[PDB]
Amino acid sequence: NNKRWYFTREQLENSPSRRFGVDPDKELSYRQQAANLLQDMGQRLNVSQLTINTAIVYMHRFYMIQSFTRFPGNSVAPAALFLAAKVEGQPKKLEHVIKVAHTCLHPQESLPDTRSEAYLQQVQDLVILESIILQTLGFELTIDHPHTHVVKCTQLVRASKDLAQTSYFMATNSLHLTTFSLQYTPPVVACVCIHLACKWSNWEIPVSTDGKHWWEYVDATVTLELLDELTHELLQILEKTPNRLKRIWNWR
């Protein structure tokens, strides 16, 4: 199905996690957390942002089927990243993902005897979880990479490196911080990030010579009423997130 992995707000509210007593609040938190773990491990593992992004999308979809109460973010995320890196051809050895997952999650603890039961198990545990990830996704692993759509459509509005960079930032954080990837197509989201990046940068894209606005040239469903509702929503969670906005704030 072409719209299998897209959900309404109504659908998102009745997630498998709500079903086991998890507030909407708590759930979006658990999501945000698994993204952070993924980004952290991804950086130490030296994988591309793309691979991290693929891993985050698997994670978001995974949890539209499974509940956080049965599979914790700390368990899924390494398995999901392990897989993502194979899928995107930056494969990382299984040992290596287990080591990096450990030090991330238990910085003070010691790396177990890589001959123990404790280890030979937590190795099998991962491989097991990867299998479960695959089946929950129904082996659909080709992700529509949200960065290309943003890079495509920054240059279609002749933006500076600054407005480009700011947009890419918004896009990356929209992955970690929202469930937009599970509701809106990669182009719609791209338009959202570009829009917000403009508000934040005090830049305005000129209304086209046809009388029409820039965003109609990307996707025909994109309305100013929607973009304002989404960029508001994105910006609110960005304000909630400590030091995020500092990274793109104009200090000068």
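By rigid core we mean the largest C-alpha set that fits within 1.5 Å across both forms. Residue indices: 1-based, along the sequence shown.
RMS Cα deviation from the shown model in 6 other deposited structures of this protein, rigid core fit, is larger for 203-211 than for the other stretch of the pair 203-211 / 39-47.
Comparing 178-186 with 149-157 in 6 other deposited structures of this protein, after superposition on the rigid core, the stretch with the greater RMS C-alpha deviation is 149-157.
Checked against the record, the higher mean CA B factor of 41-49 and 198-206 lies with 198-206. Relative to its counterpart among 56-64 and 212-220, 212-220 has the higher mean temperature factor, C-alpha atoms as listed in the PDB entry. Each of 135, 103, 114, 173 has a CA temperature factor in the record; the biggest one is found at 114. Annotation for 118, 79, 87, 182: 118 ranks highest, by Cα B-factor. Looking at the C-alpha B-factors along this chain, the one for residue 162 belongs to the highest third. Among the modelled residues of its chain, residue 178 has a C-alpha B-factor that falls in the lowest third according to the deposited record.
When the CA B factors of the chain's modelled residues are split into thirds, the value for residue 91 lands in the lowest one. For residue 11, the recorded CA B-factor ranks within the highest third of the chain. Only modelled residues enter the ranking. The entry lists a Cα temperature factor for residue 35 that places it in the lowest third of the chain's modelled residues.
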